[PDB]
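I have placed the structure first, in the form of structure tokens, so that the comments after it can refer back to it.
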């Protein structure tokens with residue numbers, strides 16, 4: 002489910018990386034004004050070929066609609082002003098360049114596979 006509490010989010014991400022460091026996690030920045038976020042949700046993230054390629058139990062979403070300081074802080078730490086923004090985040094600490102808009106499943110998957 003979508004997070005709004007960044008403390009809860011990091012806790013979940015840290016655990017997932019300790020549980021399977023040989024697998025990355027994915028972090029996705031959502032807001033209710035984000036058109037590409039809603040396209041991703043409707044045409045790509047819900048598609049069976051994505052769930053086959055990406056472990057969606059390892060897919061974390063943070064809702065920054067409220068724009069509280071913790072949201073602002075997290076955006077800046079990921080080099081964003083706002084959504085969209087989808088990162089591959091690895092157990093090493095390193096993160097991929099973000100996907101910054103709507104793509105269909107095949108390009109999403111290509112982006113994931115090429116970024117670990």
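Residue numbers (the numbering used here): 2 to 117. Each residue gets a CB set at the ideal place from its N, CA and C atoms; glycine is no exception.
Own chain residues within Cβ distance below 6 Å of residue 103, not counting five before or after: 37, 40 and 41
Residue burial classification, residue 82 (beta-carbon count within 10 angstroms, cutoff 16): exposed
Boundaries of the alpha helix (DSSP H) in which residue 51 is found, first to last residue: 49–54
Contacts around residue 48, its chain only, beta-carbon distance under 8 Å, and the 5 residues preceding and following it disregarded: 106
Whether residue 66 touches residue 33 by CB criterion (8 Å): yes
Residue(s) in a DSSP beta bridge with residue 29: 62 and 87
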